[PDB]
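Undergrad:
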Amino acid sequence: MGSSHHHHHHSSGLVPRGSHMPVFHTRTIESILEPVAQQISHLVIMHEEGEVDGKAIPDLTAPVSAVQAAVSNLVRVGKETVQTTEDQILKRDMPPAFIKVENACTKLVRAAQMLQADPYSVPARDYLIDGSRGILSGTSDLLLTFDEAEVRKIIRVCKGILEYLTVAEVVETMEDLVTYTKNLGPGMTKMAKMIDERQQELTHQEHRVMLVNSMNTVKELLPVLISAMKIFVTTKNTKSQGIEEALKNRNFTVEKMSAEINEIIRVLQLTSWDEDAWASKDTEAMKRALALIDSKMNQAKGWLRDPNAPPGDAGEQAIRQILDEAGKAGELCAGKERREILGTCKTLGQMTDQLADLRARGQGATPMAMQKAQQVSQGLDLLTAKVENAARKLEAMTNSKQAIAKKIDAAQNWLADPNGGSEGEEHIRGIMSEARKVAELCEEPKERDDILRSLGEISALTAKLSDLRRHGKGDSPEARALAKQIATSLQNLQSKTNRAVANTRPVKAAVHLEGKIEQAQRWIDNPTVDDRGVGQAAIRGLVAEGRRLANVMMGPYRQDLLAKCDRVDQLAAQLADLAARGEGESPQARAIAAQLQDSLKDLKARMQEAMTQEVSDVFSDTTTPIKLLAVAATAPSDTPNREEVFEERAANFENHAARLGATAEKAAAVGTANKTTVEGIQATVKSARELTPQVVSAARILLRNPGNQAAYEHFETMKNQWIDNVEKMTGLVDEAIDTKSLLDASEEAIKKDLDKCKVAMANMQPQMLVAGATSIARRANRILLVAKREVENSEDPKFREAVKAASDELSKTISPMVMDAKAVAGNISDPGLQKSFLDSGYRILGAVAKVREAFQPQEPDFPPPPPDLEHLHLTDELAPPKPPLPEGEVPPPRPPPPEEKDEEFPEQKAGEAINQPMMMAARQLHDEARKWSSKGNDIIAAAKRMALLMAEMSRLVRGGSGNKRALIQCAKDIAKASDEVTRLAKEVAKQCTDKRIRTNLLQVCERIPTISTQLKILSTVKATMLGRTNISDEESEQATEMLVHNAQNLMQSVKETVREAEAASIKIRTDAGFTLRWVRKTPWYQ
Ligand SMILES: O=P(O)(O)O[C@@H]1[C@@H](O)[C@@H](O)[C@@H](OP(=O)(O)OC[C@@H](O)CO)[C@H](O)[C@H]1OP(=O)(O)O
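Each residue of the sequence shown is one higher than the one before, starting from -19 at the first, in the entry's author numbering.
1) I want to check one thing, is the minimum distance from the CB of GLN994 to the heavy atoms of ligand 1 below 8 Å?
2) Thinking C-alpha only, which one of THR643, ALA612 and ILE997 is nearest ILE717?
3) Looking at the structure shown, is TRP912 part of a helix, part of a strand, or coil, going by DSSP?
4) Can you name, in chain order, every residue of its own chain whose Cβ lies under 8 Å from the Cβ of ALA376, other than the five neighbours on each side?
5) Should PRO287 and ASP337 be called a contact, given that it needs their Cβ atoms to be closer than 9 Å?
6) Taking C-alpha atoms, which residue in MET350, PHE126, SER(-9) and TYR107 lies nearest to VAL62?
7) Label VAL1034 either buried or exposed according to how many other C-beta atoms from any shown protein chain fall within 10 Å of its C-beta, with 16 as the threshold for buried.
8) In whole angstroms, what is the alpha-carbon distance linking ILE25 and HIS187?
9) The alpha helix (DSSP H) spanning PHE1054 covers which residue range?
10) If you count every other CB in all the chains shown that lies within 10 Å of the CB of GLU525, and 16 or more means buried, which is it?
11) Is the beta carbon of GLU311 sitting closer than 9 Å to the one on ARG520?
12) Around the C-beta of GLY891, are 16 or more other C-beta atoms found within 10 angstroms, so that it is buried, or is it exposed?
13) With 16 other CB atoms within 10 Å as the buried threshold, where does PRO2 fall?
14) Should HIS22 be counted as a contact of ligand 1 given a C-beta to heavy atom distance under 8 Å?
15) If you draw a straight line from the C-alpha of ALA467 to the C-alpha of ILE321, how long is it?
16) Report the CB separation of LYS778 from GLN838 in whole angstroms; it is logged as a contact under 8 Å.
17) In the stretch 892 to 963, which residue ranges form an unbroken alpha helix (DSSP H) of at least 4 residues, counting only runs that do not cross its ends?
18) On the DSSP letters alone, give me the boundaries of the alpha helix (DSSP H) that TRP283 sits inside.
19) For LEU576, which three-state DSSP category applies?
20) Count the other CB atoms, across all protein chains shown, that sit within 10 Å of the CB of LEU712; report buried if there are 16 or more and exposed otherwise.
21) Roughly how many whole angstroms lie between the Cα atoms of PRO863 and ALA1041?
22) Please specify which runs of the beta strand (DSSP E), each continuous and at least 3 residues long, are wholly inside the stretch 334 to 389, giving them in chain order.
23) For the structure I just gave you, are there three or more beta carbon pairs, one from the stretch -11 to 7 and one from the stretch 901 to 911, closer than 8 Å?
24) Find out if the Cβ-Cβ distance for the pair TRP258, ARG485 is shorter than 9 Å.
25) Can you name, in chain order, every residue of its own chain whose Cβ lies under 6 Å from the Cβ of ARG780, other than the five neighbours on each side?
26) Relative to the alpha-carbon of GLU627, which residue among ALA648, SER617, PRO605 and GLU645 has its alpha-carbon at the smallest distance?
27) Can you give the Cα-Cα distance for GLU883 and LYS944, rounded to whole angstroms?
28) Rounded to whole angstroms, what is the Cα-Cα separation between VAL870 and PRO861?
29) Starting from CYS737, trace the alpha helix (DSSP H) both ways and give me its first and last residue.
30) Pull up the distance between the alpha-carbon of residue 1069 and that of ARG1008, whole angstroms please.
31) Return helix, strand or coil for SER11, following the three-state DSSP convention.
32) Say yes only if the C-beta of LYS199 is nearer than 8 Å to one or more non-hydrogen atoms of ligand 1, and no if none qualify.
33) Name the one or two DSSP bridge partners that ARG586 has.
34) Less than 9 Å separating the beta-carbons of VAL658 and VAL766?
35) Find out if the Cβ-Cβ distance for the pair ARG762, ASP733 is shorter than 9 Å.
36) What are the start and end residues of each continuous beta strand (DSSP E) run of 3 or more residues lying completely inside the stretch 1008 to 1059, in chain order?
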């Protein structure tokens, strides 16, 4: 190849974008590559038709022509694209892509002519895989470039309205305001329109939701940004004191919209899986932790200030709340920024025990004990401030990453197309600028110091390049030969930078509870790679939620909860030590797999149980507080205490709203829900936190302006936009708790809260009636809401009507506590209080309990059958002779078929070379489908085959033979299986009367047709790259990662179709056709 002595040595410049991923992230791209790879697999199985038999590879002027015919049209506009429209990045990128296309469909007709002439020809079996792969890589890169532009149009339009929200600060005159709407309007419909059209085209749903959610927030925040500018221009007069509550209600609206438009822009440039999501998740979580602390700080800084000793439940559990929530934040840190923060938690954790013991000893004013309570006060300051750090460092570190990305666009347009000017130069100053922010918000000696080196060297080159341009030499064999050298190090910058982001995110776990159990419950497999990591790191954040949950409880339950937390942790730290010994081999570690795997299963039941109570209490009244800020802020007339009363009602509203979100997370964290209802609830919780201040600012603007409507306009727009989050918060929270068990807690709550009305008279208070019917008012109104949700959700008229009935016989029974406790408010007129109050009020609890029974089994009855027929032993005399006049007589014959078996796993190990994640993907689907009989049940049947082929593909990858034709069939079979699962999973859902069960089943099983289509393409590829050429062998190492993470998804997404399919099996229609057989596998059901 190297065509001279001197020059061909330095020239390492075929290096713009020459080792790229394949992409199938749009319906167009998927539709093109699906057949291309279909066609190209033949020629990768014909290339193996000169190995097995070593035989002649037939006439290819028909196959390789229809191959050419496929990607012919694609360049017949792909050349007509590049010269026509003035796209700069399209121009330099479009050709070297389709130079590899035509390279192929040429290089397949050169090697076709080698075998058309000589059907035995190895100079073409040299150049067939190099010729094939080309057309795959080529068209991938060709279709990709074509798309990157369709996106660039959009990010353009978006970046525009990002820049146009800035000019919100330059808007003073009501005259100008409505001309802002005039010229914002048209440029938002085109964005929403551009986005909506683009989402349709997307394969990864994961993405389509982040888009669809983000752009909706944007729409619910014009009605607000519109408002906020009007109450900023309304307040331009000598009578407008608190003028800036508007300005910050208005800049909240501009920041959040801007953080959504940015989230949209980022999500749009996604071509594959998403690694940068997690940093916003954790960043949110710490804001959530900090917030909860911020609230409970002074409520327990007064604990330490005060010598007087109440060491129990009042504001000691206020201090340990902080220390749990700051412990939870430190968890989401990595390295030793984590170890410090948790290190401070266990120090100030024992200093409190030191004190709390000393407070029982009356030692409140002892000179060491006052001093020690001083230390904890200074401790919480430091710990709150050290979490406030790690929090904004994680946001700042990612904001810098998201900032480097949207610039490297035009930074590569400056660095090659050798003019740019001032306009282009700033794009590489800008990226260098951020690399320094990473390094100073990094916390290692050697991690920052390596970046400052890279930054120090791109500094020198970029100064040299800059001055050559300036002293003419901009067009020269030094102005390109160097400016080459830079784009190399400017890629190296994103390495050392992105590596610095990835070193501040720790071994992550499931966001939902039932996920976190699997990641742990999957220590039936005691020895494995990075399950020392994630297997503990779930169990770690499961007990750390048990601990978090017990620290806002009564002392009896509390220690009862921590007793389980500490004995589970103990049986897990046991096999943590036991497994590492040599292996946690079957004998001893069986003893824990009966105790811990069943113990950990009760800790859940104790966490949910409790969580169910804290939701039953806290969510009973979502509105009283902000409904008291309405009547407070309105201010019936004038008593100057108004300000201080509005504060106490506005503080009650912040105290309470903070509680709702803190509980809302606690249900997301520990309950029923999928990852989707958990994420749902969290966005809710994030908006409650954000909006709460924003309402009270508008609620202030009302106190200072008695008579204004424009103030009342902002109140109701904010007041409702906070409710429209809460009513939603409450929708996603009940959905994530057992309804049967919610109705228990709430019945038990109405019982206890009835007594407080019985013994409101027996004590004698007239309002403790009305406060003990603030409960049974909103509580009984909540049990009707919870049943109104379930009837909207069901399609089983037999259930639907039994609960629509027990609803009736309670909705009316709001009388004998509204206009009944209203009558005898003050009265103790014994006969005329209790004759209608207790009588009809305890039949209210009788109705509640009929509503409960409407959920309890409809079809099945109480007494089952025990069949004990004492089989005796009266012997049978069936004596066998053979008769005289005929000959040869016996029972029937035996054909080939068997008795019964079931093909369990070829669990490969002992000096074998496999893909360790791929097998571990395959062994996990098996485990789930292994549970169930495959006998009336092609879904389990399929699932079991799918996970068998995915163990073959695990052994059909590493090293590898001349079995490329095998890897094509293995992945061909896997696709065909998956299509059966999808066939059946749809028929199940279609028969299922529970809509949340149905919908969440279609959502996990409609992933599978695409995922398997991709797995086919990746399999047709990697085949072509199976131990071949030397430059090939650094692509064939990164190209597994895609296929690996693509196999992980299929096994996971099929595993959840199996479960949800069985789930949706149970609640099936009355006269329903399709039903598969769900029977757990026993010794007696194989
Ligand atoms: O290898 P692919 O992934 O493309 O699989 C295609 C599928 O339609 C598959 O179901 C096969 O169905 P088929 O019904 O054509 O099976 C062959 C048989 O009828 C006579 O030998 C195709 O052979 C097969 O298409 P083909 O006709 O190009 O071989």
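Think of the CB as a built atom: it goes at the ideal place given N, C-alpha and C, for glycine as much as any other residue.
TA: With the given structure in hand:
1) no
2) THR643
3) strand
4) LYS417 and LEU421
5) no
6) Ranking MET350, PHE126, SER(-9) and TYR107 by CA distance to the CA of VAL62 puts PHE126 first.
7) buried
8) 36 Å
9) Neither: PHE1054 is in no alpha helix (DSSP H) and is coded neither H nor E.
10) Buried, since its Cβ has 16 or more Cβ neighbours within 10 Å.
11) yes
12) exposed
13) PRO2 is buried by the Cβ-count criterion.
14) yes
15) Taking the straight line joining both Cα atoms gives about 39 Å.
16) Right, the Cβ-Cβ distance comes to about 6 Å (below 8 Å), so this counts as a contact.
17) 896 to 910 and 918 to 935
18) 278 to 285
19) helix
20) buried
21) 59 Å
22) none
23) no
24) yes
25) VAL771 and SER774
26) Residue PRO605 is the option with its Cα nearest to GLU627.
27) 25 Å
28) Their backbone Cα atoms lie some 11 Å apart in a straight line.
29) Unbroken alpha helix (DSSP H) run through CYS737: 719 to 741.
30) Residue 1069 is absent from the model: the chain starts at -19 and stops at 1066.
31) helix
32) Outside the cutoff, so no.
33) The partner list for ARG586 (beta bridge, DSSP) is empty, contrary to what the question assumes.
34) No; because the gap between Cβ atoms is not below 9 Å, this pair is not in contact.
35) In this structure, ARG762 keeps its C-beta atom at 9 Å or more from the C-beta atom of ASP733.
36) none
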